[PDB]
Amino acid sequence: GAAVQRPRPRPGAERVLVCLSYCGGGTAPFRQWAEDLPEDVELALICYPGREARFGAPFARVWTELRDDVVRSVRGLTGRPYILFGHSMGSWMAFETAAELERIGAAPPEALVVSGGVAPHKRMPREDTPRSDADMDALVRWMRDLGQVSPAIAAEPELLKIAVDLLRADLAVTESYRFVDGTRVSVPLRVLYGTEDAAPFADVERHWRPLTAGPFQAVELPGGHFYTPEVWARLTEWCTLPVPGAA
Ligand SMILES: [Cl-]
């Protein structure tokens, strides 16, 4: 598998927190989490192909291709206890990565933490997520309104064109995903979702619940798709907290 990024390696750690990014996203929004983590947890950031250190690799073109790239990277980590976290599309990717690790016989995560995403079988107004081949302005508007591009980047076409090409690649991958009815994990599952995001929290909580046979907890957090700056900065506290009922 491709190399996992570890901004603060911890050979002493007992467990690994593996983080998966959103559509058009890299490892950047998670790197600050390396400052806050208990020493028994190592931060491992998955970089999807085509961005950041992997800027020179071809984009994945379909969902299972991206999933299997993630699985090949995560599988070597699974000899130690690990937690799978993902945000927005990365929440669906974390769920499918957990399900595939289970299917292939790898050890399961200690917990799966899904953030900022509706349940995958309940895939949202069509106009509120633009198509991979929609007009560029529609893609930039969506990024801006979700907080995924800064004002400084949107102010400069030359930088924006890049961010947009990356988003188009990931939107095409996400459009090819279809949830398979009956897919379920057995691990503890924590759902994080923000009061001011697109879906009502009550629906996010209700529809993720059947996707695990294990312990379940849902936490309504302040703010929108990235919560509030203070909550985002502290989000690993929700990744390392045991799910009530887990071992
Ligand atoms: Cl996304």
Side-chain angles (χ1 to χ4, degrees), residues 1-5 18-31 44-75 84-100 114-122 125 128-155 157 159-160 162-180 197-198 224-226:
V4 163
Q5 290 176 46
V18 176
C19 303
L20 289 52
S21 195
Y22 51 84
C23 274
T27 68
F30 308 133
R31 289 185 167 266
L45 307 180
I46 298 304
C47 184
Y48 299 143
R51 68 216 67 201
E52 292 188 349
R54 302 182 75 186
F55 186 73
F59 298 122
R61 299 216 191 85
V62 292
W63 178 265
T64 292
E65 180 190 356
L66 187 56
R67 187 204 67 189
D68 293 345
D69 180 274
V70 178
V71 168
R72 286 191 302 271
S73 293
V74 176
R75 188 184 175 170
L84 278 174
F85 169 86
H87 190 76
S88 195
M89 178 269 269
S91 76
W92 295 3
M93 191 54 77
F95 171 76
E96 294 290 341
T97 294
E100 176 67 359
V114 297
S115 173
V118 307
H121 55 308
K122 319 302 295 196
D128 306 30
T129 300
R131 302 311 277 180
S132 56
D133 58 6
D135 194 81
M136 168 178 217
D137 293 336
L139 288 210
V140 182
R141 286 198 302 274
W142 183 82
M143 286 192 289
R144 174 198 63 207
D145 295 338
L146 285 184
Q148 296 175 194
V149 282
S150 48
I153 291 277
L159 303 173
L160 251 202
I162 294 161
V164 167
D165 286 344
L166 185 47
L167 176 64
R168 294 197 182 274
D170 287 356
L171 288 175
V173 168
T174 302
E175 286 159 0
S176 75
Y177 171 51
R178 284 308 178 284
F179 177 86
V180 165
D197 206 348
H225 196 54
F226 295 95

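Nothing fancy with the numbering, it's 1 onward along the sequence.
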Residue pair [X] / [Y]: nearest heavy atoms and the distance that separates them:
| X | Y | result |
| --- | --- | --- |
| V149 | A163 | CG1-CB, 4.3 Å |
| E65 | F59 | OE2-O, 4.2 Å |
| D197 | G116 | OD2-O, 4.1 Å |
| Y22 | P29 | CE2-CG, 3.9 Å |
| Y177 | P120 | OH-CB, 3.3 Å |
| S21 | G25 | OG-C, 3.3 Å |

Tell me if a side-chain donor or acceptor on [X] pairs with a main-chain N or O of [Y] at a distance below 3.5 Å.
| X | Y | value |
| --- | --- | --- |
| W92 | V118 | yes |
| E100 | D68 | no |
| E175 | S132 | yes |
| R67 | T97 | no |
| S91 | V114 | no |
| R51 | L166 | no |
| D170 | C23 | no |

d(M143 CE, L160 CG) to nearest 0.5 Å is 6.0 Å
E52 CD to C47 SG distance, which is reported to the nearest 0.5 Å
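With rounding to 0.5 Å, CD (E52) is 5.0 Å from SG (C47).
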Could you list the residues that satisfy side-chain contact (heavy atoms from CB on, under 4.5 Å) with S73, not counting sequence neighbours?
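side-chain contact (heavy atoms from CB on, under 4.5 Å) list for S73, sorted by chain: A2, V4, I46.
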For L146, side-chain contact (heavy atoms from CB on, under 4.5 Å) partners two or more places apart:
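With neighbours one apart ignored, the set is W142, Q148, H225.
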Name every donor-acceptor pair, under 3.5 Å, that has one atom in a side chain of residues 133-140 and the other anywhere in the protein, sequence neighbours excluded.
residue: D135; atom: OD2; partner: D137; partner atom: N; Å: 3.1

Can you find a pair of side-chain heavy atoms, one from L84 and one from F95, that are under 4.5 Å apart?
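Side chain of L84 against side chain of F95, heavy atoms only: no contact under 4.5 Å found.
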Side-chain heavy-atom pair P49, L66 within 4.5 angstrom cut-off
yes
Do the ring planes of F85 and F30 sit parallel (below 30°), tilted (30 to 60°) or perpendicular (above 60°)?
perpendicular
Please check if the number of heavy atoms outside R75 that lie under 6.0 Å from its CZ is greater than 12.
no
For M89 and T129, run side-chain contact (heavy atoms from CB on, under 4.5 Å): C-alpha distance rounded to whole Å, both residues' side-chain angles, the deciding distance at 0.1 Å, then the answer.
CA-CA 12 Å; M89 178 269 269; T129 300; over 6 Å; no
